[PDB]
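Observations on the three-dimensional arrangement
Chain residues, written in single-letter form:
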Amino acid sequence: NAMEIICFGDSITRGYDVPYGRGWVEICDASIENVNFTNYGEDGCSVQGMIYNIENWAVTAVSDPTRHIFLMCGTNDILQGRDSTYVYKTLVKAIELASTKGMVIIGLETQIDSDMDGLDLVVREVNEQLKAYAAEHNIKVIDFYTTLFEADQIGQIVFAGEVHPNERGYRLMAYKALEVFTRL
Ligand code: NA
């Protein structure tokens, strides 16, 4: 049977605010036949709240030596004022926890488009440290941040607001995630 990929995160993993099927997770699920994606994303979620989601799943999870676990979070924490050290440290805890039940894939969260000279710098600092951690531990990374930054910079309409992708932004993210998921 299929591979299982379990996805955790906030509203940008859940797919706010487009029809079911058009968030990036769901695009990926419709694009790969023998990989089944389950979305545990939760709107409004903080990085510590995601840990709780992972724990509540992990205590019920069957052993599965081909499972992958996708994680991405921290935007809400950054919007509420937390610094890159807090966000990064808490994500590492999530990554260590998820690693006990599957092979982890890390997503680099997208830009804070309302504050490219303030809050977005925290996002960038988190993402640099994540790339360094993943290289050290041989964990796959999906760089969503770069995908949408480049597209928006050239004039593609990809954001519906200060952080949420629109449908175009979710398609571009799905393509970028598929570069990793397809090779598993
Ligand atoms: Na599928």
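Every chain's residues are listed with numbers counted from 1 in the order the sequence is written; these need not match the entry, and residues without coordinates are not shown. Side-chain figures throughout are based on the complete set of non-hydrogen atoms in the structure, without hydrogens or water. Residues with missing side-chain atoms are left out of burial classes, side-chain pairs and their counts.

- As summarised from the PDB record, the model derives from X-ray crystallography at a stated resolution of 2.00 Å.

1. Some thoughts on the side chain of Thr 147
- Counting through the fold element by element, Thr 147 comes out in helix 7 (residues 144-153).
- Note on classification: 1.4 Å probe, protein chains only; a residue is buried when its accessible area is under 20% of the maximum for its type, exposed when over 50%, partly exposed between these limits. Overall, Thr 147 belongs to the buried group, its relative accessible area being 16%.
- Contacts of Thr 147, omitting those with residues within four sequence positions, involve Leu 172 and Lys 176. Numbered from the N terminus, helices here are DSSP runs of H or I no shorter than four residues, and strands are runs of E no shorter than two. Two residues form a contact once any of their heavy atoms are found within 4.5 Å.

2. A closer look at unusual backbone geometry
- In the segment running from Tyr 16 into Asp 17, the intervening peptide bond is cis, with an omega of 10°.
- With respect to the element layout, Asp 17 can be found in the loop between helix 1 (11-14) and helix 2 (24-31).
- Positive phi values are uncommon outside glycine, yet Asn 138 reaches one of about 55°.
- Following the sequence through the fold, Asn 138 ends up in the loop between helix 6 (119-137) and strand 5 (140-143).

3. Overview of the coordination of the sodium ion
- Those protein atoms acting as donors to the sodium ion are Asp 29 (O), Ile 32 (O) and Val 35 (O), and they sit at 2.3 to 2.4 Å.
- Shown as donors are all N, O and S atoms within 2.8 Å of a metal ion, widened to 3.2 Å for Na, K and Ca; because water is not in the atom set, sites may appear incomplete. Each donor residue of the sodium ion belongs to the same chain, with the gaps between them written as D-x2-I-x2-V.

4. Describing the packing of helix 2 against helix 8 (residues 167-181)
- One way to put it is that helix 2 packs onto helix 8 with a least axis distance of 8 Å and a crossing angle of 50°. Between helix 2 and helix 8, the interaxial angle falls into the category oblique. In the packing of helix 2 onto helix 8, the handedness of the crossing is right-handed. Every residue of helix 8 that contacts helix 2 at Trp 24, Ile 27, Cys 28 and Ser 31 is listed here: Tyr 170, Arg 171, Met 173, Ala 174, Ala 177, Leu 178 and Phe 181.
- Its residues placed into classes, the contact of helix 2 with helix 8 shows nine nonpolar, one polar and one charged. Lines fitted to C-alpha atoms define the axes here, with helix axes fitted over just the stretch in contact, and angles between the N-to-C directions of these axes take values from 0 to 180 degrees. Geometric relationships in this document are graded by angle, where less than 35 degrees denotes roughly parallel, more than 145 denotes roughly antiparallel, 65 to 115 denotes roughly perpendicular, and other angles denote oblique. By convention the crossing between two helices is left-handed if the near helix lies anticlockwise of the far one by an angle smaller than a right angle, and right-handed if it lies clockwise. Think of it as three bins: nonpolar holds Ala, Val, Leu, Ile, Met, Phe, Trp, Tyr, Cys and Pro, charged holds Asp, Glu, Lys and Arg, and polar takes everything else, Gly as well.

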